[PDB]
Structure formats: structure tokens, C-alpha cells
Amino acid sequence: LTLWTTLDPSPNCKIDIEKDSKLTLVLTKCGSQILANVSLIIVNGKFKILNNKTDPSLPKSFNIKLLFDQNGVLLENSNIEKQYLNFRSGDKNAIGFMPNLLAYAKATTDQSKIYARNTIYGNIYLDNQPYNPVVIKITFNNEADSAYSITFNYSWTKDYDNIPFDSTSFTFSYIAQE
Amino acid sequence: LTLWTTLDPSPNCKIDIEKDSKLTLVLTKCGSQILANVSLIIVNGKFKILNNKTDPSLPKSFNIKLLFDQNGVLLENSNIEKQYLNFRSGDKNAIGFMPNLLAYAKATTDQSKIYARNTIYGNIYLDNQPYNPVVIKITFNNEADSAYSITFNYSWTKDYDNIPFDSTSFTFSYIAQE
Amino acid sequence: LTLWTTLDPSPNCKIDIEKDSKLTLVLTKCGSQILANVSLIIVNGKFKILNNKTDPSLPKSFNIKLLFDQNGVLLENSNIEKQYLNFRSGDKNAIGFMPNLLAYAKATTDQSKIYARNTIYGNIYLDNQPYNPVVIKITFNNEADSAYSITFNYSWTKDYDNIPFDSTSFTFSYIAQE
Ligand SMILES: CC(=O)N[C@H]1[C@H]([C@H](O)[C@H](O)CO)O[C@@](O)(C(=O)O)C[C@@H]1O
Ligand SMILES: CC(=O)N[C@H]1[C@H]([C@H](O)[C@H](O)CO)O[C@@](O)(C(=O)O)C[C@@H]1O
Ligand SMILES: CC(=O)N[C@H]1[C@H]([C@H](O)[C@H](O)CO)O[C@@](O)(C(=O)O)C[C@@H]1O
């Protein structure tokens with residue numbers, strides 16, 4: 001079964017301003033593993049067009065945080081509202097889609113950190129060009145005031161000069177809680 | 001269920017000359033997502049051995065296009081004939097394997113382009129060496145005179161000097177039409 | 001169904017010294033393809049902390065070899081004992097998890113080599129930093145005195161200076177024997 005966003009271009013996400021972006025996320029449960037497919041289009045706000053070269057105050061990284069309550073429902077501090085993830089019909093409780101707590105343990109301590117296995121790195125590309133890389137860093141169960149979390153960190157090193165944040169797709173998997 | 005090529009080394013593909021290559025492609029339907037595994041061996045023609053260094057007329061990129069009719073059957077202009085994709089037995093209509101039209105919309109207009117989410121980038125390696133990279137660029141639903149398409153673009157920047165096009169394997173996923 | 005290690009941090013692997021490492025490996029059968037998720041934590045021995053900069057005798061690569069008998073059970077020369085892979089309960093014979101012999105043929109001859117499609121390359125990161133890359137090279141069916149094999153080769157080029165071998169996660173797939 002599948003927990004997913006809509007697939008259209010309509011925004012569902014706040015990075016900078018309300019509804020400035022569309023995170024397209026498809027989570028497919030394949031037994032003990034979630035098969036995940038993600039893309040990001042930014043449609044408004046300061047990250048729509050990366051102007052790092054002409055705006056030194058613009059960040060070169062941002063997060064999209066899916067903070068889940070114990071039930072597997074999004075919490076308000078997430079970048080996406082809980083209504084924007086639904087089950088796909090005959091092809092709540094979403095604990096079967098949550099990142100496994102034994103594989104991806106929370107930091108033990110204020111002064112401890114997670115194991116690196118809680119993280120996946122990938123490279124995605126802006127405006128469909130191989131010379132516009134962005135590092136996508138996906139971390140499990142590393143957020144305060146949440147039962148489970150999936151955090152998508154987007155970061156880049158190039159002083160991009162009017163490049164639209166229209167990202168290529170990325171596939172990954174993670175171990176499911178149950 | 002699975003839509004796949006044969007797994008042997010026998011050629012099934014024309015890049016340059018007839019039957020000059022074997023695209024090994026395994027598509028596994030996992031609900032709403034296709035889990036895809038691809039490799040390429042070039043056995044004849046001008047791309048069998050990359051001689052860019054001693055032949056400046058040789059391209060540094062080529063496409064393998066799977067152009068599908070509405071039924072999910074290959075069209076003649078594809079690099080592979082329709083007979084070379086089959087269902088795996090008790091483990092036509094292949095619309096369940098086709099790239100989703102809402103997620104991967106065609107270009108609206110002669111002067112418009114697709115969203116970047118229609119594309120996946122990866123790096124694969126020739127002759128099993130990490131110093132022989134090739135960019136594999138997979139694009140959905142971006143081809144003229146086709147209902148659906150999967151295009152594999154292979155490109156490289158090194159002036160390769162007698163390197164066999166014997167590629168490492170690559171895994172990806174995409175959202176299914178139905 | 002799933003063939004997996006435990007998910008805790010407890011070591012299950014010998015790279016240098018007994019039980020010096022935890023390979024977390026989850027293999028999910030999705031019809032004709034195995035969906036695979038791997039991470040590595042080194043907890044003891046010479047690779048726990050990479051000190052290449054101050055120990056020129058330390059290798060910059062090592063293997064973790066899963067050598068399978070015909071039944072799909074680990075052989076003693078593997079880096080992991082056979083007890084450390086088990087089936088996940090109602091969600092031996094593990095031939096359904098073995099790398100396909102037609103897709104991933106053994107070398108024909110003492111002087112022959114495998115096709116490159118028997119290999120996957122990826123990049124993973126140590127201590128959750130994008131400036132600590134390691135090349136993960138996964139090769140199928142390329143080991144002496146084994147029916148099937150999955151070999152994880154880890155290699156790096158940086159003279160790492162006291163970097164813990166605490167790896168990020170990596171997803172891949174391969175074609176199943178049956
Ligand atoms: C798809 C890909 O690998 N992109 C990479 C390109 C490659 O050089 C390609 O080969 C170009 O075609 O190089 C970079 O340095 C760049 O351009 O910023 C890093 C980027 O991640
Ligand atoms: C597997 C891998 O990442 N290959 C990359 C290597 C790395 O440096 C490795 O670390 C070598 O072992 O570097 C390149 O510049 C190269 O050699 O052409 C790009 C290539 O994509
Ligand atoms: C995640 C990632 O791609 N890491 C790569 C970084 C990128 O430059 C990032 O952009 C840094 O944030 O560069 C390397 O040369 C490095 O630092 O050793 C290779 C490494 O594989």
C-alpha cells in the first residue's frame with residue numbers, strides 16, 4: 001500500500017512563504033522496507049529562483065521536515081500539513097510507513113548524536129541540468145518534539161545565478177517501524 | 001508482476017547498427033511505483049569500444065528510447081522492438097508499467113518544456129572502473145509521436161581511449177500510470 | 001518476504017578482528033528483484049577510526065563478502081556467520097534472495113572476467129559528512145569456492161585523519177535467481 005501526496009504541480013509545502021512549493025512524495029510499503037520517490041518544485045518565495053550570486057543573504061540550504069506524532073500523522077511544525085499525505089485506494093494509522101526506531105534510533109542524549117545510518121545522501125539537479133547539483137540529505141528520527149521524522153535537507157555550494165528550483169526525481173528506501 | 005527483457009547477453013537493441021547492444025531492463029510493479037533495474041552492454045557498432053580520443057567524429061552521447069503506444073507496447077521508432085519486453089510467468093496491456101501522466105506530464109507547448117521531476121540522473125561506470133563515469137539520464141513522457149516514453153540518455157565528458165561500453169547496473173523507480 | 005540482519009548496533013561481522021563491525025542488511029523480495037538496504041558501523045579493530053594520514057600501512061579499501069552455498073546459506077569464509085541472516089516472520093532455502101546466474105554469470109575462465117552489469121557503484125559518507133566519501137562497490141557472483149556471492153567493497157582516496165567508519169545508508173536492487 002501507498003502513502004502519497006497528489007501528483008499534480010499544486011503547492012502543498014511552506015519553505016519560505018505559505019504554499020511556495022510542491023513536494024511530490026510517494027511511499028510504497030514493500031514488506032519491511034519503504035520504497036520512496038521524491039521531487040520538489042518551488043513555485044513562489046525566495047527559493048523559487050536561486051539568486052545566491054546577486055543576493056548574498058539568501059541561504060544555500062533549507063529543510064523540509066515531516067514531523068510525525070506516534071500515530072504516523074504530521075505535526076503542525078512540519079513544512080507540510082497533515083492533510084497532504086493520504087493512502088492510495090484498493091490498488092489514521094501510518095505507523096507501517098514510519099522509520100524504524102531500532103534501525104534509526106533517536107540521539108540518546110543532548111550531547112550525543114544519531115548513527116550515520118539514519119541518513120541517506122543523494123545528488124539531484126535543478127532545471128534538468130547536470131551542472132546544477134543539489135545535495136539531498138534525508139535523515140530519520142533526528143527531530144525534537146516528534147515521535148518519528150523524515151527530514152529532507154537541500155544544500156548547494158554553487159553561487160547559483162537565477163536558477164529555478166525545479167528538481168529532478170530521487171529514489172531511496174528505509175526500514176519500516178512495523 | 002514484472003515486465004522485462006531476457007537476462008542473457010544476446011543483443012536486443014540498435015544504437016548505431018542492428019542488434020549492436022543488449023539493454024537488460026527489469027521493471028517490477030510495487031503498487032504505485034515501478035522498481036527498475038537497467039544495464040547496457042554494447043557488442044558491435046561504433047559505440048562498442050569508445051575511441052573518442054582517436055575519433056573526434058564519434059559522439060559523446062546517445063539515446064535508447066522506449067516509445068510506447070497508449071496500450072504500453074513499443075512503437076517501431078524505439079531503439080528496441082516490441083517483442084523484447086515480456087511479462088514474467090505466474091511468479092497486450094502494460095499500462096500499469098507506464099510513467100504516470102499527472103506526475104510526468106508532456107510538454108504543454110512547442111515552446112514549453114517538461115518539469116525536471118520527469119528526469120532521473122545517475123552515474124554508471126564502463127568496464128567496471130570508477131574512473132570511467134557515464135551520466136545516465138532517464139526522462140519520462142518527453143518524446144514526440146508516442147503516448148508514453150522512457151528515454152535513457154548516456155553521455156560522457158572524458159575523451160575515452162579504447163574503453164568498452166560494458167556498463168555497471170543502475171536502480172531507479174518511477175510513479176506508475178495505473 | 002525479507003532476509004535481514006538484526007537492526008540494533010550489536011556487531012555481526014569481522015573485517016579486521018572478531019565482531020569488529022555491524023553490517024545492517026535488509027533484503028526485500030519484490031518479485032523478480034531484491035530491494036536492498038545496507039549500512040556499516042565499525043566498532044573495533046584498525047578500521048574503527050580511519051587514521052590513513054598517520055598510519056600509511058592502513059589499507060584504503062576492504063571487502064565484506066557474503067559467500068553463499070547453493071542453498072543460499074553463508075559459507076564459513078564469509079565475513080559474517082550464517083546465523084546472522086534470518087527470515088522476517090509472517091509480516092533453510094534462500095535461493096529466492098540469490099543473485100541471478102543468467103544476469104550475473106560467473107567468470108567463464110581463469111583469464112576471463114565478469115560483465116560490468118554484475119557490479120553496482122555508489123557513494124556513501126562517513127560520520128554523516130558529505131566531505132567523507134567512500135565508494136561502495138557491490139559485485140554479484142564473482143567469488144571463488146562459492147555458489148553465489150554478494151561482495152561489498154569499500155574504498156576511499158582521501159588520507160582520512162581520525163574519521164570514524166560510521167557509514168550512511170545505501171539502497172540498491174538486483175535480479176533474483178528464482
Ligand atoms: C550528473 C552529474 O554527475 N553531475 C555532476 C557534473 C558531472 O561532471 C557531469 O559529468 C556533467 O555532465 O559535474 C559537477 O561537478 C557539476 O557539473 O557541477 C557535479 C555534478 O554532480
Ligand atoms: C565511483 C565514483 O565515485 N567515481 C568517480 C571518481 C571518484 O573519485 C572515485 O573516488 C574513484 O575511486 O572520480 C571521478 O572524478 C572519476 O574518476 O572520473 C568521477 C567518478 O564519478
Ligand atoms: C554528498 C556529496 O555529493 N559529496 C561530495 C562533495 C560535494 O562537493 C558536496 O556538494 C559537498 O556538500 O564533494 C566531494 O568532492 C567531497 O567533498 O569529498 C565528493 C563527495 O562525494
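Remember, it's 1-based here, ligands and their atoms both numbered in the order they're listed. Here is the naming used below: chain letters follow the sequence lines, and residue numbers restart at 1 for every chain.
Heavy atoms of B:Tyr125 found under 4.0 angstrom from ligand 2 belong exclusively to the side chain.
Distances from atom 20 (C) of ligand 2 to the protein include at least one heavy-atom value under 4.0 Å. The protein does not reach atom 13 (O) of ligand 2 closely, with no heavy atom under 4.0 angstrom from it. By the definition of a contact as any protein heavy atom under 4.0 Å away, atom 8 (O) of ligand 1 is not in contact. Less than 4.0 angstrom separates atom 3 (O) of ligand 1 from at least one non-hydrogen atom of the protein.
Protein heavy atom nearest atom 5 (C) of ligand 3, with residue, atom name and distance: C:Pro130 O, 3.5 Å. Among all non-hydrogen protein atoms, the one lying nearest atom 17 (O) of ligand 3 is C:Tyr131 CA, 3.3 Å.
Annotation: side chain of A:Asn123 is not in contact with side chain of A:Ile136 (no heavy-atom distance under 4.5 Å). No side-chain heavy atom of B:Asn118 sits less than 4.5 Å from a side-chain heavy atom of A:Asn128. Residues C:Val43 and C:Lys48 fail the side-chain proximity criterion, which asks for heavy atoms closer than 4.5 Å.
In summary, the atoms of ligand 3 found under 4.0 Å from a heavy atom of A:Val135, numbered by their order in the structure, are 1 (C), 9 (C), 10 (O). When each atom of ligand 1 is checked for a heavy atom of A:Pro133 under 4.0 Å away, the hits are 18 (O), 21 (O). When each atom of ligand 3 is checked for a heavy atom of A:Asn123 under 4.0 Å away, the hits are 3 (O). Within the listing of ligand 3, atoms 16 (C), 17 (O), 18 (O) sit less than 4.0 angstrom from a heavy atom of C:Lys158.
Taking 4.0 Å as the cut-off between side-chain N and carboxylate O, C:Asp159 and C:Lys60 count as a salt-bridged pair. Contact check on B:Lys113 versus A:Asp127 returns a salt bridge, with a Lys/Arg side-chain nitrogen under 4.0 Å from an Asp/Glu carboxylate oxygen.
No donor-acceptor distance shorter than 3.5 angstrom exists from the side chain of B:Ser149 to the backbone of B:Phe140, with no hydrogens or angles considered. A donor-acceptor pair is defined here as one N or O able to donate and one able to accept, closer than 3.5 Å; no such pair exists between the side chain of C:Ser39 and the backbone of C:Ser169. Not one N or O on the side chain of B:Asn153 forms a donor-acceptor pair closer than 3.5 Å with the backbone of B:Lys137.
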